[PDB]
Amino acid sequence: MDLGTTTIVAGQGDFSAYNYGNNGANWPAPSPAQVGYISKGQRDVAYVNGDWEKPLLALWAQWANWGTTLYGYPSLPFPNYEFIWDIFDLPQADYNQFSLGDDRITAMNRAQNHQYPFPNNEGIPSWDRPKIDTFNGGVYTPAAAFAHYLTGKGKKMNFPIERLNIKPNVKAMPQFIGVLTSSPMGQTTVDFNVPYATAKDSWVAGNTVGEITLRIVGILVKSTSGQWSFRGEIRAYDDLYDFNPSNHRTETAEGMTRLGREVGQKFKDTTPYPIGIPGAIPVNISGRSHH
């Protein structure tokens, strides 16, 4: 279960698409297609460590002729095709981690184990992939969230609450402190809602759903001794993925914001969609008043 906190070591050669491109026996003559295969290698090197915005901006910038930095990536003959296929592969890769427990490199290679015809106007690629319905919460998750934005056609995605990798401190919540001090002696049902900036705890979550709304629910007991115990769960309400500028990572925020305003030009099904955040985080706390 890889929630993308740790870095790994990776080189172009770890990637099958790259090795396929770099195998001379496969190409009797120079070819833009061969270049495409090669290019996937270095981008993949960034992807496995969650550095996902740069590779895509570099491609889009060429495509849209921004005349801006390519972050060190080679210019390509068909930046439009590599962009499109990446948008295709990235969600499969995320799903491969969640579905099969694939390691990062394996997930990407499995994702890229297919034919790469030129992106079409009619069915290439085929974007209808209903089975992909849950995020891993790892290095591919944000990019996958973006890909479902461009091509998901509004279908619901799930981000299981435990994969958010958040660690809400209930005792520290003003609302919970309020309830604790103002609730009556004896047994009380607790139920309130609190905004939670997930970026504080988890870059993946902050880069995908950002601020969410949590629901704290359970039973609170206050004893006349001043002891107290709370027994409940944290749940979460659906988020709406709408490519919110507020969720952009600083370094490429500008690029991503620009991209946001342009992408709908070529990705005509681009639409916000709901992200369910199913499940609950167990809460078992206690302590005592100062009185």
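Heads up: residue numbers just count along the shown sequence, starting at 1.
Of the two segments, 44-52 and 237-245, the one listed with the higher mean B-factor is 237-245 (C-alpha atoms only). Mean C-alpha B-factor is higher over 114-122 than over the other stretch, the pair under comparison being 77-85 and 114-122. Annotation for 250, 227, 257, 39: 250 ranks highest, by Cα B-factor. Within the group 272, 282, 279, 13, the record's highest C-alpha temperature factor is found at 282. When the CA B factors of the chain's modelled residues are split into thirds, the value for residue 160 lands in the middle one. When the modelled residues of the chain are ordered by their C-alpha B factor, residue 135 lands in the lowest third. Per the deposited record, the Cα B-factor of residue 93 falls in the lowest third when ranked against the other modelled residues of its chain. Annotation for residue 59: C-alpha temperature factor in the middle third relative to the rest of the modelled chain, per the entry. Among all modelled residues in its chain, residue 145 ranks in the lowest third by Cα B-factor.
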